[PDB]
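Right, one structure below, let's go through it.
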Amino acid sequence: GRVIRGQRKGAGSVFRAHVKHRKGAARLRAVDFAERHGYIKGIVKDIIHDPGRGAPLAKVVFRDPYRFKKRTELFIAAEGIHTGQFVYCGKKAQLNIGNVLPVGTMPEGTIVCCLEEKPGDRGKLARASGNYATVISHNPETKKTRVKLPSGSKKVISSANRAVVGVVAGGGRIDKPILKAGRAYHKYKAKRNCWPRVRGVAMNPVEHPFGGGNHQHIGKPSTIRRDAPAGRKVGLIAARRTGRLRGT
RNA sequence: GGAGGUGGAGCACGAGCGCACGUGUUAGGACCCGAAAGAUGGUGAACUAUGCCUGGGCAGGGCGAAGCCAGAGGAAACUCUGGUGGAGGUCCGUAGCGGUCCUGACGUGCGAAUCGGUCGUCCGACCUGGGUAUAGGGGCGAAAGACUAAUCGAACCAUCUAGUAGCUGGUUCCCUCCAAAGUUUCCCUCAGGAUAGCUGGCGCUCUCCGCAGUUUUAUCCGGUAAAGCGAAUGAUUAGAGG
RNA sequence: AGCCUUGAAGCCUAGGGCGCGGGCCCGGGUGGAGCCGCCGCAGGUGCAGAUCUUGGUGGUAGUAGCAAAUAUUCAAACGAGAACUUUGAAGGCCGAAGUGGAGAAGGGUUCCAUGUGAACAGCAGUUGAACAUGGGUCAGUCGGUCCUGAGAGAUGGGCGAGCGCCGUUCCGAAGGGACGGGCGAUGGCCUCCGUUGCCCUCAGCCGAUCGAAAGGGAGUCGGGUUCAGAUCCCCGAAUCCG
RNA sequence: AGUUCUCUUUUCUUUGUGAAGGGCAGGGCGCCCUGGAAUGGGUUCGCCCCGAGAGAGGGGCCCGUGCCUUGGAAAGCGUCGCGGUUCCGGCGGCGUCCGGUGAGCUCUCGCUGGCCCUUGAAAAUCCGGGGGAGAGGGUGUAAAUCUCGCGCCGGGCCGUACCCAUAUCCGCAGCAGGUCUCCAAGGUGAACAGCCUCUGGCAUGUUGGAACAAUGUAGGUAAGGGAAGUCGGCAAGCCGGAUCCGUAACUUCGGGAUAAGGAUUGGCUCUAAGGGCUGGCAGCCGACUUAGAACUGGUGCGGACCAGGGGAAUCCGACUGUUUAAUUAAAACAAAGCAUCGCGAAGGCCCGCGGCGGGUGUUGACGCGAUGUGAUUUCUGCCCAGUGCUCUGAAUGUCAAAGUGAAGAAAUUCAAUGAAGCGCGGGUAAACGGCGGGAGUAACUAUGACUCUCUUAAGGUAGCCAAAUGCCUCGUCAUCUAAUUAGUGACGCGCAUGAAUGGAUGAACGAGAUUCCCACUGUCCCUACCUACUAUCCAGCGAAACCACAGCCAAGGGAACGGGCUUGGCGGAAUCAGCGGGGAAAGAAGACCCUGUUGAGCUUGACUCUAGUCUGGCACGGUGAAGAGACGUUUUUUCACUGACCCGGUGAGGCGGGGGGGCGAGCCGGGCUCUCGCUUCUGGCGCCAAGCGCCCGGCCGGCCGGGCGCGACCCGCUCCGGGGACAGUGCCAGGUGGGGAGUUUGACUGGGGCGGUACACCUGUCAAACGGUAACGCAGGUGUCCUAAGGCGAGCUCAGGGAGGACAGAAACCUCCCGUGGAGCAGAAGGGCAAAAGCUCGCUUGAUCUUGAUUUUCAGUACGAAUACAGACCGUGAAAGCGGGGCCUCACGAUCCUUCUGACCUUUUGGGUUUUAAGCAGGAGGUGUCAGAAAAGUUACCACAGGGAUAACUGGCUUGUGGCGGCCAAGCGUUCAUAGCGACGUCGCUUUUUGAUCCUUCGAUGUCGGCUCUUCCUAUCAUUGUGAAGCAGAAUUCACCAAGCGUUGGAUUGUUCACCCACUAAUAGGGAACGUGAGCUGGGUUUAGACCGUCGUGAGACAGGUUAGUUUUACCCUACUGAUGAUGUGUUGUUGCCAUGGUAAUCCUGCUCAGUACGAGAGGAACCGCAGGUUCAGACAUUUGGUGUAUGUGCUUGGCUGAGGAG
Ligand SMILES: [Mg+2]
Ligand SMILES: [Mg+2]
Ligand SMILES: [Mg+2]
Ligand SMILES: [Mg+2]
Ligand SMILES: [Mg+2]
Ligand SMILES: [Mg+2]
Ligand SMILES: [Mg+2]
Ligand SMILES: [Mg+2]
Ligand SMILES: [Mg+2]
Ligand SMILES: [Mg+2]
Ligand SMILES: [Mg+2]
Ligand SMILES: [Mg+2]
Ligand SMILES: [Mg+2]
Ligand SMILES: [Mg+2]
Ligand SMILES: [Mg+2]
Ligand SMILES: [Mg+2]
Ligand SMILES: [Mg+2]
Ligand SMILES: [Mg+2]
Ligand SMILES: [Mg+2]
Ligand SMILES: [Mg+2]
Ligand SMILES: [Mg+2]
Ligand SMILES: [Mg+2]
Ligand SMILES: [Mg+2]
Ligand SMILES: [Mg+2]
Ligand SMILES: [Mg+2]
Ligand SMILES: [Mg+2]
Ligand SMILES: [Mg+2]
Ligand SMILES: [Mg+2]
Ligand SMILES: [Mg+2]
Ligand SMILES: [Mg+2]
Ligand SMILES: [Mg+2]
Ligand SMILES: [Mg+2]
Ligand SMILES: [Mg+2]
Ligand SMILES: [Mg+2]
Ligand SMILES: [Mg+2]
Ligand SMILES: [Mg+2]
Ligand SMILES: [Mg+2]
Ligand SMILES: [Mg+2]
Ligand SMILES: [Mg+2]
Ligand SMILES: [Mg+2]
Ligand SMILES: [Mg+2]
Ligand SMILES: [Mg+2]
Ligand SMILES: [Mg+2]
Ligand SMILES: [Mg+2]
Ligand SMILES: [Mg+2]
Ligand SMILES: [Mg+2]
Ligand SMILES: [Mg+2]
Ligand SMILES: [Mg+2]
Ligand SMILES: [Mg+2]
Ligand SMILES: [Mg+2]
Ligand SMILES: [Mg+2]
Ligand SMILES: [Mg+2]
Ligand SMILES: [Mg+2]
Ligand SMILES: [Mg+2]
Ligand SMILES: [Mg+2]
Ligand SMILES: [Mg+2]
Ligand SMILES: [Mg+2]
Ligand SMILES: [Mg+2]
Ligand SMILES: [Mg+2]
Ligand SMILES: [Mg+2]
Ligand SMILES: [Mg+2]
Ligand SMILES: [Mg+2]
Ligand SMILES: [Mg+2]
Ligand SMILES: [Mg+2]
Ligand SMILES: [Mg+2]
Ligand SMILES: [Mg+2]
Ligand SMILES: [Mg+2]
Ligand SMILES: [Mg+2]
Ligand SMILES: [Mg+2]
Ligand SMILES: [Mg+2]
Ligand SMILES: [Mg+2]
Ligand SMILES: [Mg+2]
Ligand SMILES: [Mg+2]
Ligand SMILES: [Mg+2]
Ligand SMILES: [Mg+2]
Ligand SMILES: [Mg+2]
Ligand SMILES: [Mg+2]
Ligand SMILES: [Mg+2]
Ligand SMILES: [Mg+2]
Ligand SMILES: [Mg+2]
Ligand SMILES: [Mg+2]
Ligand SMILES: [Mg+2]
Ligand SMILES: [Mg+2]
Ligand SMILES: [Mg+2]
Ligand SMILES: [Mg+2]
Ligand SMILES: [Mg+2]
Ligand SMILES: [Mg+2]
Ligand SMILES: [Mg+2]
Ligand SMILES: [Mg+2]
Ligand SMILES: [Mg+2]
Ligand SMILES: [Mg+2]
Ligand SMILES: [Mg+2]
Ligand SMILES: [Mg+2]
Ligand SMILES: [Mg+2]
Ligand SMILES: [Mg+2]
């Protein structure tokens, strides 16, 4: 046989991200003395569309505490922030929408977005449009907090991780039918070469496990074991179940 | 050490070595030409496939979305009527792009895919220039095993390599003499081999008793032709007497 | 003690013969420089075939054909020669999405003048993009040149048997610069200002380099001029940069 | 300048001003000032704007490519006129003027809006601003400084011609192909449409002349009919613009829609309405529209060009989009929608030989990755047994290495322990997939709601159906026709329908498949004519394919279809235009089929491996506490540590500890519990130190200039965090691993496959009286069985029958007699056997050890089996003897390897001892394809070498089957065998049926049917001439001579075949390579795409359905059709004969005979005559029709010649 489309995606080539017109990487501030002890003020200059991303991005500007400079930060835009607004990042920032605080100081039930997976990494979790994480509980003795991720999983993270109060803007995006193959063509022309997708049963056996046959049938169980070799791991990968999810 | 059997490519008063010539069998390119293949290392994205970058391009019409204005109706909700407006992977249709049917032309062509009419689409998932990226068990594929320089169910180039072929084709002067087999057995044996047979050549040991695809005379062997079933086995017709 | 310029090989021959034959001998002609008999030795040693190889030639055959896109005619000139060249006049066509006027890519002298009519231009040619002999491309301002784009690609580092590869800011002491000030050395319009070396002080850019004759990118227009070049030459009038 | 016969103050051409600077129009402003607005106003085509400041005034700025001006009239151009060397930027006159208009086109600037789950580059480079370190001079010849105006110097390098495409480029070429752009006139018109013209360009596309045959290619027309043609309306045709009216079912309410269906359209002369500027009015300007009316022509008017046929339905796919460049444009692919699955980053998925490697990822679950289905609507039932997937695990069978323990001299052996994975138990079908059978039963019959029963993991639910899915099948009913294998609607025990392998539906849409209808028509009846380009002849110029020799037939035989050969017919130069019968014509070593110990693509439950991956061990690999152990050491568990190792961030910017200061708490002003480190209202600013303390320098306490410290706490060993003795990596070990590699996937065979085993053996027969002898010949058997069923001895006699005997009988047990085997001897059969070879007892292990010879198969090899002996040990018998397996003929296995047994055995390499190992000899472990490889599929994407050794056509032999025909005569025919039939039997013929066979062809003979066209046969349907009837007539049946002439139009189907409708004298049957593809067509079959059902895990398959799928060459020879001609008659001509060959006419209707013959009646003829027609043939154009480029004459559209006229 030949290498299947899934295998070919990992080699880069025509399968790399379309990053020509993106505005940069959306991150929190790099943690420094100001955010470790107090807070720093910043002003929202612009809220911009980022190609390939549902959520808008905020362009916040801070004062450099050591030099005569202005620092431009590219934050994830929490819903409700506006241009000209003051945002504050640090340990002693106040619990307002758009402020960046360590999750340790946030009370139980706080809604956050752009939450650091590890302390200092500048924000990794709950960055998709409309999403957020909640704060469940703190363990001051071990300095660790329990949060609920948008997928529903619960995670124990360091209390020192920073995060933005509120939910990511641009929510409810998936509530609109696309209605058109052309509109889906434009959605992915800004992201990557993944569209349109050709079904496995519609290929020949040479380039897919499901291909071939005088009838368009899978011919083998579609739940494939977790340890299947690359080029064989297609279909429902390591599925715990199949069918309609009935109930909770 | 003896006696008697038995296994040995032995002894029993050498015959070998060297060289040359012929024939036969083989190993090698191996009598000559002939595969589909496989391997190593390289050259191609000037066609085409797909992603990206930067440019260019797409008459004239039809329908008439939202929004807006006015008039009328209504207790309210709101309703009706006339305009305005100009949406759309919207319709007719040009450029462009494409290529349905004629199963038309042509079919040693104008052309190793073209030509005519007729046709699809023509603001979009649109068309296109150049730059750039992906390279051969690899790419790329809105998926036809398609496309990857007229080459694709695995490109092209050189080498391995005079690849192997139980299979097809060919195999070059004269005369003289002799002259087959398509059968036995074994073989993943059935288009082929090995094997015995049939052939030829070289002789040698003798001769001027032996032998014979023949009969005769003796003597055995046999269970087919025929015949038998009022004899065994098997099959079978009819009466008759108890 | 072979033959041979008093004519070798080769080649041709309705010449004379020999041999069962493979073949050979002699005569005649052409040719022009070598060759053969016998005893042995040696072999890349004998062709009718292989859709054999290479070269040549037939019949087919003066045959298929020289039929896509409406179309030519009259007079004259040159000339050996005119359906096809040139001029004049008619009749037509392309009909501004052109059969018009200019470019990019590609070509590379095909451009221009004169000459030829051998070969080529599938008839002809007095003609041609053919052949021959000579010419022709002029810039601060039009492009390249510079920038970066998708991307390519060194060093540090890592990997690697190795040619090398990965990687492009990532495991790097990655700056050879600057207003100013201080110490000397020199000079010149030696007056006082330069230059230089060292020291002091200050210093993010964080990625070498490459990447577009359509992207970014200061600044040239009018008139004349050649056989062929001109926003380039000349005339006139301007402008940018240093 | 053109026209001027007439008219035209006419028609044509032409009628400038660059950059840069200045000035001004014009356009724009989300810019300012006054002011304060509802009776809200302003305002655009639309919008939109206002107390966050509208209207109204007055300003400011930006672009000004427009006009004036400097340039600049000197130049350029038009015209007229002079010179010269006359190849002069030659010289002069005049001119280069004044207005209008526009949804006009092209460009450009600007304003404002809509679209995006799309937001639409970077950098070089240039500029402004904030700040104020600094510098500049002391009142002047002023200084630093200047983005102001002039002036001075320089700008190197490379490209630059021309073509830019029916001839400069790529396709071998001056190739009808391909190849990126810019400018873009008048008329008609909606128009960058088509048609004509100006500017500019060209010479008809690599030749001309003359003809006007056939056949073509491309255009036209056609009376009457109108799809009857054909697989199919393919092709052509009808419709078409615009105005006005009008418009259904259905619908997702958007559509359908130009639905459908009508009317109108010219020319000319008018009327009305629709605006601008200036000073309810007056004046002057103007640009195209719309509507209405009269008049008018032979009803012709969208007059050319341009330009939708329509309707009713069914299937499929929602749509737009895409696709096999070069045979498939589709129902296939995609799609939005829907539903699953993995993953929280030390991660999922993937790449990579390699790493602190790489893509997703400039990412973070509203995401990325992997699948299925395929808009909407409605719904998506049951099954977890199978195969997958997944979850739990020391509770826990198997389980590698390593480690631990015991035995031993050690090698080694043994035990204990027990990772993953398998087993075990759950979940899961929008995972692959699946979703029964029999019988009885309701008061006629039929069904059978109901019941019984066997049964699976469910037993097919809602739906739907002879559907693209149903064999039977052309299902049945209805509708559509005259007639329908077609279509539609129903029915449904459905070979083999069915629910995201998605079921049912349904608007719009479709170069998708199908049916009907209206309209239209040359598709057809049934063909004709016309035009252009060929063909044709000529001048010039000029190939190629192909070729053993060649080129007339009949039959024969023959490699079974001859050009050659045999026997006959016969034969006459050289050629022209056509033609497609033949050359089993050319083209290409057949793609079908088979064989090959030849392949390749693909699959998997094939064999052997393998990357990756999961898992255990060892090493890197450390520190401390406890807990549990064992004997201060050491194994293990847990918790911690950091320093290896890893990850994240940062321009490695404030870390740890202490000091110092502020707010609270509290014990009796000080200590502590212990917290804090100065920024949260506003879309400002924020650095390059102020201040203080202490030192030093220069000049004359005063001026000038520096240094240090605090401000800005001190000390520290990892920059700061997060992990961490684990990740991870190196090397081993176990599992998984069609992701990937290599390879295999028997043979025989009346082709192969499927089926059988005729593959190793045995009996009888074949088999032809020695032996041997074949077939997928016939009838059978074998892969075992036996401690006795082997061995010996003795003693008996069996099957069957007859006759007797309590229960007792057909059959129990006892007795007598007969009994040649008719029984038994493991088994198949054949042979053999009677004091035995059978049966019963007694003793036993000759079924033991051993060397040779021989026989059978045979090669005179092996094995296997068997025969005689020989040497030992034995058994049995009194003994002679018999016995080393079975009464004989079958009952089985090499090398290599392993295992056992044997010897005071040999070797174990320098010697010795000992374990081990290897030798020698004899058994066993097995090769059944049985003289003995280790082995699954598919190919329709296919490949090579071959095969006519071998299948799919024709042809050949045969003729069972099919067809046709005789003979006998039981019967039938009321009677009567034979008018006409004819059983039981039997003899033939034919090769238009199917078989059987495999002779020819696999370096190719084009495979069904139709169409067209000719010919032949007779086994005769019709017609002519006849014979016989159970022949009265009429009608019919049987038979003869007989193939001259006929044998038709249609619906359904690809059809052959069939069925029906209709007409007819009749509607016979056949052959010619199942006549006929260089004759066509291509509907079917029979490539590659795709759908459904059944089958398969799958790739894939299906004499199962469905849809789309390239049809090449003649100019050669012959034959044929026509055309010149040739011999030889001295030449030549006119008129003729006819040898030979061809040959043709055919059937029916009406009237009369005649309502007659005949007949009871009903009905009902014939011959002769007359008048017509059908089919066919040969002509012809007077007539009617068709054509018509006489391009003949009118009409007429657009354009062009200034108009008229003429064109
Ligand atoms: Mg496919
Ligand atoms: Mg596969
Ligand atoms: Mg020999
Ligand atoms: Mg040899
Ligand atoms: Mg191989
Ligand atoms: Mg390219
Ligand atoms: Mg459209
Ligand atoms: Mg359209
Ligand atoms: Mg054709
Ligand atoms: Mg042709
Ligand atoms: Mg695209
Ligand atoms: Mg790769
Ligand atoms: Mg396929
Ligand atoms: Mg060879
Ligand atoms: Mg070879
Ligand atoms: Mg063979
Ligand atoms: Mg064998
Ligand atoms: Mg052979
Ligand atoms: Mg016998
Ligand atoms: Mg007999
Ligand atoms: Mg001769
Ligand atoms: Mg010489
Ligand atoms: Mg030699
Ligand atoms: Mg030769
Ligand atoms: Mg000719
Ligand atoms: Mg031509
Ligand atoms: Mg041009
Ligand atoms: Mg030109
Ligand atoms: Mg020529
Ligand atoms: Mg020239
Ligand atoms: Mg590199
Ligand atoms: Mg550069
Ligand atoms: Mg450039
Ligand atoms: Mg440029
Ligand atoms: Mg105002
Ligand atoms: Mg002048
Ligand atoms: Mg300032
Ligand atoms: Mg040029
Ligand atoms: Mg012409
Ligand atoms: Mg010409
Ligand atoms: Mg040409
Ligand atoms: Mg007609
Ligand atoms: Mg008519
Ligand atoms: Mg019909
Ligand atoms: Mg018909
Ligand atoms: Mg048609
Ligand atoms: Mg309709
Ligand atoms: Mg579709
Ligand atoms: Mg595509
Ligand atoms: Mg194709
Ligand atoms: Mg096509
Ligand atoms: Mg699924
Ligand atoms: Mg279901
Ligand atoms: Mg299960
Ligand atoms: Mg089923
Ligand atoms: Mg049902
Ligand atoms: Mg239906
Ligand atoms: Mg039906
Ligand atoms: Mg019909
Ligand atoms: Mg199904
Ligand atoms: Mg000629
Ligand atoms: Mg022949
Ligand atoms: Mg022929
Ligand atoms: Mg062949
Ligand atoms: Mg072949
Ligand atoms: Mg073989
Ligand atoms: Mg293979
Ligand atoms: Mg291969
Ligand atoms: Mg296996
Ligand atoms: Mg595998
Ligand atoms: Mg494989
Ligand atoms: Mg076979
Ligand atoms: Mg005999
Ligand atoms: Mg006895
Ligand atoms: Mg003995
Ligand atoms: Mg016995
Ligand atoms: Mg197939
Ligand atoms: Mg097949
Ligand atoms: Mg044969
Ligand atoms: Mg046959
Ligand atoms: Mg009778
Ligand atoms: Mg035979
Ligand atoms: Mg042949
Ligand atoms: Mg033929
Ligand atoms: Mg042929
Ligand atoms: Mg007859
Ligand atoms: Mg035939
Ligand atoms: Mg033929
Ligand atoms: Mg044909
Ligand atoms: Mg077909
Ligand atoms: Mg097919
Ligand atoms: Mg299945
Ligand atoms: Mg009477
Ligand atoms: Mg007439
Ligand atoms: Mg006129």
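Convention: sequence-line order gives letters A, B, ...; per-chain numbering from 1.
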OP1, OP2 of D:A345 versus side-chain N and O of A:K155: anything below 4.0 Å? yes

Between D:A931 and D:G932, is the six-membered ring centre distance under 5.5 Å and the plane-to-plane angle under 30°? no

OP1 or OP2 of B:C52 sitting under 4.0 Å from any side-chain N/O of A:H18? yes

Hey, does the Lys NZ or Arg CZ of A:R199 hover above the aromatic six-ring of A:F210, less than 6.0 Å from the centre and inside 45° of the axis? no

Is any side-chain nitrogen or oxygen of A:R122 closer than 4.0 Å to OP1 or OP2 of D:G648? no

Please tell me if A:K233 has a side-chain N or O lying less than 4.0 Å from either OP1 or OP2 of D:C350. yes

Sugar-phosphate, base or nothing in reach of A:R16, heavy atoms under 4.0 Å: sugar-phosphate

So, is A:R241 near the phosphate of D:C341, with a side-chain N or O under 4.0 Å from OP1 or OP2? yes

Is the base of D:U680 stacked against the aromatic ring of A:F86, taking ring centres under 5.5 Å apart and planes under 30° as the test? no

Run the salt-bridge test on A:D50 and A:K23 with the 4.0 Å N-O cut-off and return the result as yes or no. no

Within the 4.0 Å heavy-atom criterion, would you say A:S158 contacts the bases, only the backbone, or no part of the nucleic acid? nothing

Contact class for A:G172 vs. all strands (heavy atom < 4.0 Å): base, sugar-phosphate, or nothing? base

Among the candidates B:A143, D:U650, D:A121, find the nucleotide nearest to the side-chain atoms of A:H21. D:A121

5'-most contact on RNA chain B: A:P205 or A:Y188, nearest heavy atom basis? A:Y188

Phosphate oxygens OP1/OP2 of D:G721: is one of them under 4.0 Å from a side-chain N or O of A:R36? no

Base, sugar-phosphate or nothing for A:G212? Non-hydrogen atoms, less than 4.0 Å. sugar-phosphate

Looking for any heavy atom pair under 4.0 Å, which part of the strands does A:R244 touch: base, sugar-phosphate only, or nothing? base

Closest approach to the side chain of A:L245, judged atom by atom: which nucleotide of D:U340, D:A335, D:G651 is it? D:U340

For A:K155, is there an ion pair with A:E117 - N to carboxylate O distance below 4.0 angstrom? yes

Under 5.5 Å centre to centre and under 30° between the ring planes, is that true for the bases of D:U851 and D:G852? yes

Can you classify the ring geometry of A:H37 versus A:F33 as parallel (below 30°), tilted (30 to 60°) or perpendicular (above 60°)? tilted

Please verify the inter-ring angle class for A:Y188 with A:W195; under 30° counts as parallel, over 60° as perpendicular, anything in between as tilted. parallel

Would you say a side-chain N or O of A:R240 is under 4.0 Å from OP1 or OP2 of D:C343? yes

With a 4.0 Å cut-off on N to O distance, would you call A:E35 and A:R29 a salt bridge? yes

With the side chain of A:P177 defined as its heavy atoms from C-beta on, choose the nearest nucleotide among D:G337, D:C602, D:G683. D:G337

Looking across every strand, which nucleic acid part, if any, lies under 4.0 Å from A:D227 by heavy atom: base, sugar-phosphate, or nothing? base

Base, sugar-phosphate alone, or nothing: which one does A:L179 contact when heavy atoms must sit under 4.0 Å apart? sugar-phosphate

Does OP1 or OP2 of B:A125 have a side-chain N or O of A:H186 closer than 4.0 Å? yes

I'd like to know if A:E207 pairs up with A:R8 as an ion pair, taking the criterion as any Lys NZ or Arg NE/NH1/NH2 lying under 4.0 Å from an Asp or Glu carboxylate oxygen. no

For a quick test of reading the model: is some side-chain N or O of A:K118 closer than 4.0 Å to OP1 or OP2 of D:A346? yes

With respect to the side chain of A:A128, which nucleotide from B:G145, D:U362, D:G367 is positioned closest? D:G367

Would one find a side-chain N or O of A:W195 under 4.0 angstrom from OP1 or OP2 of D:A336? yes

Exam field: side chain A:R67 to backbone A:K70, donor-acceptor pair closer than 3.5 Å: no

Compare the aromatic ring of A:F15 with the six-membered base ring of D:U360 and state whether they stack according to the 5.5 Å and 30° rule. no

When we call it a touch if two heavy atoms are under 4.0 Å apart, what does A:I237 touch: a base, just sugar-phosphate, or nothing? sugar-phosphate

Out of D:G374, D:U363, D:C1091, which has the shortest distance to the side chain of A:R199? D:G374

OP1, OP2 of B:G51 versus side-chain N and O of A:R192: anything below 4.0 Å? no

Starting the side chain at C-beta, find the nucleotide from D:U428, D:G651, D:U373 nearest to A:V201. D:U373

Base of B:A125 and ring of A:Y185 stacked, centres under 5.5 Å, planes under 30°: no

From C-beta outward on A:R225, which listed nucleotide comes closest to its side chain: B:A143, D:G738, D:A365? D:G738

What nucleic acid atoms does A:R67 come within less than 4.0 Å of, heavy atoms only: base, sugar-phosphate, or nothing? base

With a cut-off of less than 4.0 Å, is there a side-chain N or O of A:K180 near OP1 or OP2 of B:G89? yes

Side chain of A:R5 only, please: which of D:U680, D:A334, D:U371 is the nearest? D:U371

How would you label the contact of A:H208 with the nucleic acid (heavy atoms, under 4.0 Å): base, sugar-phosphate, or nothing? sugar-phosphate

Name the nucleic acid region contacted by A:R226, choosing base, sugar-phosphate or nothing; use a 4.0 angstrom heavy-atom cut-off, strictly under. sugar-phosphate

Categorize A:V168 for me: base, sugar-phosphate, or nothing, with a 4.0 angstrom heavy-atom threshold over every strand shown. nothing

Taking any heavy-atom pair under 4.0 Å as a contact, classify A:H217: base, sugar-phosphate, or nothing. base

What about D:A758 and D:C759, stacked or not, using centres under 5.5 Å and planes under 30°? no

5' precedence on RNA chain B between A:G1 and A:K189 (nearest-nucleotide basis): A:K189

Consider the side chain of A:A126, meaning its heavy atoms from C-beta on, and name the nucleotide among D:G654, D:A431, D:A365 that approaches it most closely. D:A365

Should D:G155 and D:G156 be reported as a stacked step, that is, with six-membered ring centres less than 5.5 angstrom apart and planes less than 30° apart? no

Can you find a side chain N or O atom of A:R2 that sits less than 4.0 Å from OP1 or OP2 on B:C140? no

May I ask you to evaluate whether A:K220 reaches the phosphate of D:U1097, defined as a side-chain N or O under 4.0 Å from OP1 or OP2? no

If you look at every strand shown and take non-hydrogen atoms under 4.0 Å, does A:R71 touch a base, only sugar-phosphate, or nothing? base

